[PDB]
Every structure is written in structure tokens, then in C-alpha cells.
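Tertiary structure, described
Spelled out from the first residue to the last, the chains are:
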Amino acid sequence: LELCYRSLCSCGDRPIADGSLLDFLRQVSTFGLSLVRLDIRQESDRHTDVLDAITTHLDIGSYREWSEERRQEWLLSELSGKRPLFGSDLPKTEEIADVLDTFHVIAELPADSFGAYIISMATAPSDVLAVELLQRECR
Amino acid sequence: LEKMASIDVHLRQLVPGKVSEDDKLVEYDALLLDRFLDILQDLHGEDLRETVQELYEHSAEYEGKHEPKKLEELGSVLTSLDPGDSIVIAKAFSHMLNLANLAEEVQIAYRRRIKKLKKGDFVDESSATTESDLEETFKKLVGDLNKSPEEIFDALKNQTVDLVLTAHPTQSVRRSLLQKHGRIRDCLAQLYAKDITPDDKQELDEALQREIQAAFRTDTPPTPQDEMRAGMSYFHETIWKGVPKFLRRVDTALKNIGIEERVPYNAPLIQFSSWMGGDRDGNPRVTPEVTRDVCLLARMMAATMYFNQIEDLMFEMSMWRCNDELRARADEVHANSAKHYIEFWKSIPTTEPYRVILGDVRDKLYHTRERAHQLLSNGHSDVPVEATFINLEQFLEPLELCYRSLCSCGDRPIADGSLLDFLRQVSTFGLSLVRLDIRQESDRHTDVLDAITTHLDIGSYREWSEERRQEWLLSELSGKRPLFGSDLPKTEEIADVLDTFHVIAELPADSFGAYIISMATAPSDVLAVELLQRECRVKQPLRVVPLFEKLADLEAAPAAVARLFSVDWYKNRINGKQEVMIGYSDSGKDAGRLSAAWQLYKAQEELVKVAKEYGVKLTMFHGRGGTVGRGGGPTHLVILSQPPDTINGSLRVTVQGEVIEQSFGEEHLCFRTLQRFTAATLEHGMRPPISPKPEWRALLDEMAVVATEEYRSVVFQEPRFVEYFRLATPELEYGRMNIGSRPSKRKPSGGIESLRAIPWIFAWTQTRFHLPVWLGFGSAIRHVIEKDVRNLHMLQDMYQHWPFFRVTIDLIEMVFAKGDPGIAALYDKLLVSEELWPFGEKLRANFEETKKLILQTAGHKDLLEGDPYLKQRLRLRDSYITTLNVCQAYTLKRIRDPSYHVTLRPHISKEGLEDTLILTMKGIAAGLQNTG
Ligand SMILES: [Cl-]
């Protein structure tokens, strides 16, 4: 489309380009391939539950009992490391499996469909780092 | 056209006596040679035929008296040939030798056995003419060993013989030529039926000429899939039909000692494994895609054979009386959508329930084939996996239901017909016919784990001590965190290793056997493969099999295996079964043959001690070359020779590509092969060879020291040895030549240490010299005879009463039968510098002395004094091989030395010297078969 616009302006046909073509280009830029970008929203408590099942599974303690500073330090050590966090061998409750499966579905779809990951009942930086880490480790 | 009278005279002079009275070998080979030479005259002219026959006559005179004048008489003719005539002559002697092999096979398959020729001891087991068949072994176990028939039957129930097909070190013979050899053998045998009609005999003659010409008039280093296709041909040729016949013979022998059961049709007495498409050791051409390909190709061949076998099964299963269970399943199957038997029946009615169920099995087999084909040629399918058989139980279940129902209705005999054979074929061959072993050097696993730990900022696994490596590997196997992700710098090699693991992970477990670690030395190698397997998401990991090659590796093997059994993780992964591989050719390349033999006996002893300690069932995997690498009757005593309890009802042996045709090409040869493997395993489990006297072990330890000393002093210490090896032998041309499917040197720069075992044996086998096989025996026997006057008597006692020793000596004597120092001297004279010419003279003197000492030990005056049949057949081949030797020598001189101009002779007919060299290599290879 941009090629068509360039060519038409090249030939002194800019007014024609500013007709149906300009409207079309502006519609592609406004609406993209999806019209809308979907935000995902979930309570932070569910991320605490998922990371808690993860750390208990790794025999390191319960992320839930950890202070906010200890949570931040562990999350930061994992985001800066190269080793994956968990595998299929992971006891998932229905809720924990919902969270991870939502991440897998986001992972298998085009980025143009998604906007922001929204953390309900957010209070501390560890909530934001929890979503970033769960995002990265679900590929 | 009286040429036949002369070739008849020369054949009778070469093999004078009759090794029996059904000795028709001279007759057979005379017939094949007459028909071949007439065809040769017709295709390339009278002049070519006269030249060829002059060459063969001189060759037979040489194999008669070994006059060196005869060799120069051959050479004068062979050098004056322009490349065209050289190619036609070399091709001609190749097919002539092949015909001698085919005649030889007919002689072996139809030689009548002699009951009065048995002596009653273990020596009888060294020849097919006197070895024990299945039932003689039964009566040996019942009478002499006082074992009950119940004990024999239960042993058979739990026995497994696992035969492993490996790639040919040269020409893996194409399937078409296998078929042609089959037709030639059939025509020969039928021509000698003592009842044949005149017209049948004429038409048989016309078919024989026709087939010989068909084989003679057919001309990449075949892709691993093509070589695998060629290696699998023996299933169609004889093995598929041969297996149920043999198992049925086992049933008969059991009935004849009072056992009323048959061997359970699901008992895996026979299993087949393949390395074709799985061995990557020094072979970058064997890629992950190659392994996936041969896996799917194998599943395809299997589905085809089951599909074709199941229609005659459907015709036989026309009964109506049945089980309540079978009737229920038949009414169930009748509720569905009949495209693959419209030529037979419009649809299968419910009063033929076995036909209904079996028809549904045939339909699932068809969908199985088409899916495997679709995955092979594309990468995805659309054929639902639930519409096929994915594991052996989905397949066996309805067949077993049919069997149960038929026995329920008093139709057990019908069940023991086409149905029992079918069940036994499913149990033997599975959905793949073969299970693929994967082989890779340990060093590659060190490289992969090293890239992994460096990527995790923990250090280099390579610099870590063995104990630190073990501790880290064990901490990871017991942990729950994954090891690595896509974010991992992979070299081409490291990516190959991981991708191979991913391909294993995405294929059915029925296709795979064992993961084999080349150059294994320590438990960390085994744990490395187990961890890499698990972290690449292989749901059912393969059993890991370490390959201990060098002699020091053999000595350290029982400590490493005991340490492996002692760690809790490996102990729970193996579940009481362990397979260890030892390599005879490889170890011989390291330390000579005599030393590798005695070291492998002791090493198997110690591995058994460990296995009894930890309650693990050990399976010794015997690699290529060695005493365990022979053809026919000798193998029976070979198996009987293994140390007590090293087998224990689970045998795994490499069937070398150079013997596989002699062993499975013909119906009778195949049946007898399966028979002797099963019988020797069964007998050895209940009647081990004698334990060696203490002085025997001390004597072999000293001889082992002297023999490794001589071998390493010649092969590894002599500074000019490598130059001599590159001159007196076609090693350079073998590697450059695109012959061996893989390359020769592991690392291109290195010496013999890096040279693989197959080219090591091959290079010296081509020159009829065989130095890697016998070198070292000479000084060891000289040393013990000189150290004590009586040791010769001890040596002669061992050869007469210790099976391990008898088979080792027997192998050396047999290899000497295929040796001729005169031809080797011709190679020296043409290809080796004058500075280096006396060196071969010294080695040849060693050859002669070693030969005399082996004779002294065996109590023989001539070679193969105890096996005149083999002496006869080998002497027969030698007349053709000698001509390919002289041709190869002068062709080598012509290739290396363009300053050697020859007075050429005019072209002959047909109405590049590299090609001729390849011909001589393949020919001599086919005529000498197995050595070491
Ligand atoms: Cl090898």
C-alpha cells in the first residue's frame, strides 16, 4: 500500500492517493490486523500461587512466606540467569494450570493481538517481576 | 570348443581328493566356470576369453606349487592391458569368484551330515558337518548334564538371541544381486536332482546361463538409507519365512523329549537389531534425518510384510465356532464403515468372525504403512495415529484373541498353523523388524556438557576431574530443574548430538535399542548420555551401553560398571539389566590380538563377578572382528568358549556384513545359523566350559606381555613403519577411494592410533598378509618354549582341552590359510622403496615363524588339518583371488608412479585405472571375507 502511495505521488497523482487509498492506510494503522489489542488481567495472588508451587517443587522454600525483598532478589537472580525454571514435572492445581495455560496460549498467537498484562491488586515490584518471569519461562 | 577339458583338469589338480562322497564342489564350480567362460566369449570376444583362461590357469598352477615365476607370468599379461581390458578382466574374475562362492554355498547346504564322524567332545562343534543340532544338544543336556526336560524348556522360554546387523566395511551387496545369486543357487541345486527330466534339465541350463549373464552385465557411495535398504534384504530373502520354521523345529525337539508345550509364541528367542543409520562414530554422514529415515523405512518394510502375510491368513481363518469373547469383538468390528479385499469378498460376514477381526487388522496395517510413508516423504501426516498400531500390544491383542478362541473350540491344531507362525513373526520382528542402536563417541558428550556448563557460568565439565563430573551429573539427575533452553551456543557437532536426541524423542520406542558410547572409560560417560537423554525430553530413555575399546579401558571396565551399579539413580534406571560392549577389532588395533583375546576373557569374568554382586543381569555385546566374528560351524564352539555365566540366556552378537550372505543367503544356511546360535546359548547356560588351570592363566599372562610388547614395538615404535604401511598396502587408496561409507582416519592428521579398526584390518587383509591378526603370537610362543622345555606340552594341552584357547588358535590358523607371503613380497617389490625393502623381509620371516609355531601348538603338520572342507573351499577361492592380487599390485604401481610406462597391448573387445583398482579391492574383499 505504501508502495502504491509512493508511486502515485511520484506521478503527480498525490490527490488520488489522498482518497480511498489514504483512508485505507489510516484504517490499517488504526486497526492493525486485529482491530483491537487484548489486555490480559489476573490477580497478583495467582502469580504468588504459581511461583510458590514452583519454588516448593525445587526444594528452595515457599515464595509466599518470603519477605518482599527476598522475593525480589530471587526473581532478579532468575531473570538474569540462563537455566530454565520448571518442566512438565510440576504439580499444578486447576488455578495454577489455568495461569500457565493462558501464558502458553499468548505464546502461540501473533503479538499484534495483545496489549498489556494487567496485574490486579498490585502492591509491590515483585508482582511485576513475577509476571515478567512467568512470561519468559513459558517461551 | 574343448576348453572345458582343460579347466576341468586344472580344477581337479587344485582340489584332488573328495572331502566326502557328496563332494560335488569341483563339479559345481566346473559347471559355473564353463557357462561363465562361454558367456564371456560371446560378449567380449574370443580373444578376451582366451586371455582370461590363460590367467586363471596360471593362477591355479600357482596355488598348486607356489612357483614365483608364475606371478611374473601373470604380471606380464596384466600390465600390458589398456584400462579397458583391465576393467573387463577384473570384472570377470570378480564374477567368477562370486560363482565359486555360490557353488560353495550349495555344497554346504546339501552336504549330508555324518553321524559316525562325531568324536564326543567339544571339537565337534567347530564344523557344520559334526556340530550338534538342536535335538542332539537336548540329548546332551538330558543325558550328560542330568538336566530335566522341564529345565531345558524353561531355559528356552527365558532365552534371547539378539543378532545385530552392522554396515559392510565395503560393498553392501545390492538387493537385486542377492536375488540373482538366489536364482543361480536354485538352478544349480535342481540341476543335480537325481530324477530330473531331459527337458527340465535343458530349461534349467538355459536359466543358469541367463542368470550368470544377468549378473555379469550390470555395472554415489550409496546413501545410508540405500545401504540400509540393502542390508535389510535378508528379511525378504530368508529370515521372515525362516524364523517360524525354526521355532516350530524347537517345538518338535521339545515333543521328542516329552515336553508337550510349544515354545510360547511371544517368547523372544530371536531378536534383530541394526546399526544401519545409527552408528555415528567417526561418520558425519549419519545425520539425525538419516536415523529418522531408516526408522520409518524399517517400520514400512515390516508393515508391508505383515500385510502381505495376513491375506493367506484370512483365507485360512474361515471357521465359525468361536469364543464368546471373539464373537463379541466380531459383532463390534462389524459396526464400522472394505476397500482392500474386494477382489476376494465384497464384505466379510459375521459367520466368519476370525475373518472379520483379521480383516480389521489388515486394514490397520495398511493405514500404518501409509502413515509411515507419509512421515518419511514429508514430515507430517493426517492419518490418525489411533487408526494404526503404535505398540506391539495393540498388534498382538486381537491375534492372541483369535488363538484363545480357537483353542477354546478344540481347534488348537488350526491355531498352530498360519496363525502360530504369524504370532511368532510379530514377536520376533515387532513393528520394525530391527531395533536401531545409536552410537557416538563419548568425547562428543563431553563437548555438549562442556558447552552447557560454560553457558551456566559454573566452569568447564571438561577440566573437571572424573569424580567432580560424576558428582555434578548425579546432582542434576536427582534434581527437578531443567538444564538448558534454546538459548545455547551450539557448534555443528553439539547441535548434531542434541538433534539426534530430539529425533529419538519424536519416534516410537519400538524402533530403538541401545545407546552405545564409543571410547567409554568411566561412569561419567554413561551418566552423561542418561542426562542428555532425559533433558531432551525422551520419555522412555534407551538403555545405555558403554563400549570399552583400549586394553586399559578393559581393565578399568569392571570398576566403572560396579561404581555405576552402586549409585542409586543408575540402579533404579536400569532395573536389574545392563548391557556392556567390548570390542575385539578395536582392542586388537590397540594391543595385538592375543592380548585382546585373553584380556577380553578376563574382563568378561570380572564383569560377571560384578553383575552377580549387584543382582544385575549382564548382557555382553560382542563387537566386530575377533574370534566371535566367524562364519558357520566355528561360531558354535566360539559361543561355547565364552567364560562361564557370561551369556546366561541373553546373547548379543554382531553379524558382520562380510559373513552375512554366507549365513543368511540360503534357506538351509539360515536355518542352521539360527539353530546353532540358539543351541550354543542353551548349552552354555547349563554346561559352561572348564575353568582354566592356574598355570594356564599365568602362562597366558606372560605370553600377553611378550605379545603386546612385540606388537607395539613393530606397529607403534618403529619410526618408518607408517611410511611402509602407506606403501606396501592400499590404505591410502582405500580412504581416498569413496569406498568405505564413512572416512578412515577419525582425525585426518593422526596416525594408526586414530586409524579405525576396519581399515586397519582391511589394508593388510587385501595383500594376503593379515599382520594385525597374527603379529605377536610368534614371540609369545617362542618365549614360553625357550623359558621352559615343557611349556609346549602345556600349550598343546590347552589347545586340546580349553575351548577359549582352541578357538583363538583356530582363528590364527584360519587366517594363515588365507595368507601367502609371496604375493606380499610382490607388493613389496613393486610399491616399497629400496631403502625400506629389507623391512618387509623381516616381517615376512616373522610371518613364517608364527605359522610354524601355531602349527606346533595345534599339533598339525599342515594348515587346517582338522577342517578339510574349509581348506578345500578356501583353496578354491585362492585361484581367483591371486589374480585380483597381481592385478591390484600392478594397478597400484601404475597409479602412484606415472613414470612407469608399460608396453601396452591392443584392445580386445566390448561389442580409467581407478575403476580397476576399486574392482580389485571389492573382489579380494569378497574372496577373503572374515579375518580379524
Ligand atoms: Cl569399527
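X-ray crystallography is the method the PDB entry lists for this structure, together with a resolution of 3.48991836749 Å.

With that settled, consider the overall build of chain B. Helix and strand counts for chain B stand at 38 helices and 8 strands. Principal-axis analysis of the C-alpha atoms gives chain B an extent of 85 × 80 × 60 Å.

For the rest of this paragraph, the subject is the environment of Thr170(B). Residue and element names in this part refer to chain B. Within the fold, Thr170 resides in the loop between β1 (160-165) and α7 (175-191). Judged by its relative accessible area of 12%, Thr170 falls in the buried class. When near neighbours in sequence (up to four residues on either side) are disregarded, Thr170 contacts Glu227, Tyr734, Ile739, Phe762 and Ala925.

Okay, the UniProt feature "active site" in chain B next. All names here are of chain B. Those residues carrying the UniProt feature "active site" are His168 and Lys589 in this numbering. Its place among the elements puts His168 in the loop between β1 and α7. Excluding residues within four positions of it along the chain, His168 makes contact with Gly657 and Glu658. Note on placement: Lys589 falls in helix α22 (residues 584-591). Using a relative accessible area of 8% as the deciding quantity, one classes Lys589 as buried. If sequence neighbours within four positions are ignored, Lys589 has contacts with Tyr711, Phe716, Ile752, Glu753, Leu755, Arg756, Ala757 and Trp760.

Turning our eyes to something else, we now look at the environment of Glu227(B). Residues and elements named next belong to chain B. Position of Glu227 relative to the elements: it lies in helix α9 (residues 224-231). Placed 56 residues apart in sequence, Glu227 and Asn283 show a C-alpha to C-alpha distance of 14 Å. Residues within four places of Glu227 in sequence aside, it is in contact with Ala167, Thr170, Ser172, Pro222, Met276 and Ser741.

Another aspect to go through is the packing of helix α2 (residues 25-65) of chain B against helix α3 (residues 68-79) of chain B. All names here are of chain B. Taken N-terminus to C-terminus, the directions of α2 and α3 make an angle of 160°; their axes are 9 Å apart at the nearest point. As far as their axial angle goes, α3 and α2 are roughly antiparallel. Seen from above, α2 lies across α3 with left-handed handedness. Of α3, the residues touching α2 (which contributes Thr51, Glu54, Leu55, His58, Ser59, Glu61 and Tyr62) are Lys70, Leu71, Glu73, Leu74, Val77 and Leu78. Grouping the constituent residues of the contact of α2 with α3 by class yields 6 nonpolar, 3 polar and 4 charged.

A separate point is the pairing of strand β6 (residues 577-582) of chain B. Residues and elements named next belong to chain B. The buried fraction of β6 amounts to 5 of the 6 residues, a majority that puts the element mostly inside the structure. The pairing of strand β5 (residues 543-548) with β6 spans 2 bridges and is parallel. Each residue of the ladder has a partner; that of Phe548, found in β6, is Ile582. Sheet analysis places β6 next to strand β7 (residues 617-622), joined by 6 bridges and oriented parallel. Pairing of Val580 across the sheet is with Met620, part of β7.

What follows is about the pattern of salt bridges. Residues and elements named next belong to chain B. Using the criterion set out here, one finds 71 salt bridges over all chains in the structure. Taking the shortest distance from any N to any O, the salt bridge between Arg113 and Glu136 comes out at 3.1 Å. Here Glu136 lies in helix α5 (residues 134-143) and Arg113 lies in the loop between α4 (83-110) and α5, a separation of 23 residues in the sequence. Take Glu136: its relative accessible area is 19%, and that puts it in the buried class. Two residues, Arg462 and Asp447, come together in a salt bridge whose shortest N-O distance is 2.1 Å. With a gap of 15 residues between them, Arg462 in the loop between α16 (442-455) and α17 (466-477) and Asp447 in helix α16 connect regions that are remote in the sequence. Taken together, the shared-partner salt bridges in this structure form one network comprising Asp279, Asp281, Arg439, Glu441, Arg742, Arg746 and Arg756.

Counting residues at the interface gives 11 residues for chain B, matched by 11 residues for chain A. Together, the buried faces of chain B and chain A total about 830 Å²; carbon and sulfur atoms form 57% of this surface. For the pair chain B and chain A, the number of links is 0 salt bridges. Connecting chain B to chain A are 0 residue pairs in polar contact.

Our focus in this paragraph is a nonpolar patch on the surface. All names here are of chain A. Taken together, the side chains of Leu1, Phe24 and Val28 define a hydrophobic patch exposed on the protein surface, amounting to about 270 Å² of accessible area. Of note, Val28 is situated in helix α2 (residues 14-31). Residue classification places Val28 among the partly exposed positions, given a relative accessible area of 40%.

Now for the nonpolar core. If you look at the biggest cluster of nonpolar residues, it comprises 155 residues, and the most contacted ones within it are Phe138(B), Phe272(B), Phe395(B) and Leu449(B). Once residues lying within four places of it in the same chain are set aside, the contact partners of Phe272(B) are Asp162(B), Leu163(B), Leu165(B), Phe235(B), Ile239(B), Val243(B), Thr428(B), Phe429(B), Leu433(B), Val434(B), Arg435(B) and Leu674(B).

The subject of this paragraph is helix α24 (residues 634-641) of chain B. Residue and element names in this part refer to chain B. Burial analysis of α24 places 8 of its 8 residues in the buried class, the great majority of the element. Listing the buried residues of α24 in full gives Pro634, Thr635, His636, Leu637, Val638, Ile639, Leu640 and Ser641. On the buried face of α24, the contacting elements are α23 (593-614), β8 (650-655), α26 (667-686) and α34 (803-817).

The end-to-end C-alpha distance of helix α10 (residues 233-255) of chain B, which contains 23 residues, comes to 33 Å, matching closely the 33 Å that a straight helix rising 1.5 Å per residue would cover. Largest kink in α10(B): about 50°, centred on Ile239(B).

All names here are of chain B. With parallel pairing, 8 strands are arranged side by side around a closed barrel as β1-β2-β3-β4-β5-β6-β7-β8. In this sheet, adjacent strand axes meet at a mean angle of 25° when their direction is disregarded. Relative to β8, β1 runs parallel, the two sharing 6 bridges. Each bridged residue has a counterpart across the sheet, and for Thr160 the counterpart in β8 is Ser650.

Cut-offs used in this document
- Residues numbered from 1 in each chain as written, not as in the entry; some residues may be left out.
- Chains lettered and ligands numbered in written order.
- Part of a larger assembly, values for the part shown.
- Heavy atoms only, no water.
- Residues with missing side-chain atoms left out of burial classes, pairs and counts.
- Helix = DSSP H or I, 4+ residues; strand = E, 2+ residues; numbered from the N terminus.
- Buried < 20%, exposed > 50% of the residue type's maximum accessible area, 1.4 Å probe, protein only.
- Contact = heavy atoms within 4.5 Å.
- UniProt positions renumbered as here; feature names shortened; annotations may be inferred.
- Axes fitted to C-alpha atoms, helices over the stretch in contact; angles between N-to-C directions.
- Parallel < 35°, antiparallel > 145°, perpendicular 65-115°, else oblique.
- Left-handed = near helix turned anticlockwise from the far one by under 90°.
- Nonpolar A, V, L, I, M, F, W, Y, C, P; charged D, E, K, R; others polar.
- Pairing = 2+ DSSP bridges.
- Salt bridge = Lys/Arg side-chain N within 4 Å of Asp/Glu carboxyl O.
- Buried area = accessible area lost by both parts, 1.4 Å probe.
- Polar contact = N/O pair within 3.5 Å; in protein donor to acceptor, adjacent residues only side chain to side chain.
- Patch = residues over 30% accessible without salt bridge, like charges linked within 9 Å, V, L, I, M, F, W, Y side chains within 5 Å.
- Areas by Shrake-Rupley, 256 points an atom, 1.4 Å probe, with all protein chains shown as cover.
- Core = buried A, V, L, I, M, F, W, Y, C linked by side-chain atoms within 4.5 Å.
- Expected span 1.5 Å × (residues − 1).
- Bend = angle between axes of the 7 residues up to and from the residue.

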